[PDB]
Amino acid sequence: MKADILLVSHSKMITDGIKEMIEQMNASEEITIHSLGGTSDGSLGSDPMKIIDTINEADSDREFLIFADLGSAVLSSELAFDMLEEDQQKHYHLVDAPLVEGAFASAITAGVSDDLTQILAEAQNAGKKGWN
């Protein structure tokens, strides 16, 4: 199956770091990761048009998984959805999961599974460490 992970944040440093970390761990051999942090010029902030353009510039045969950390990243991920065509919304998935851990979980299970329900469930389960 065809999957992309879209990483939204105020910080381009965070999303580049996630992408680089996952790729170097060899965890994204079966998934495309887009670093979408920052405004149009690298500034701290979020632009929904990065998501829109990314979806518009990609092939139509992808499932698009959207992770955000906080704030306007979250808002930008929600506002982008409402901007898409109907065909595109059916392929757009807001993943209720933490940014780093959700994405890594989505990525590592796509190298294991053809099943978007399971790819989505793993991420949604991700943030904890067995800690206190």
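Numbering starts at 1 and runs along the sequence shown.
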query	finding
Assigned third (lowest, middle, highest) for the C-alpha B factor of residue 18	lowest
Chain-relative CA temperature factor third for residue 26	highest
Chain-wide C-alpha B factor ranking for residue 32, given as lowest, middle or highest third	lowest
Chain-relative CA temperature factor third for residue 8	lowest
Cα B factor band for residue 63 (lowest, middle or highest third within the chain)	middle
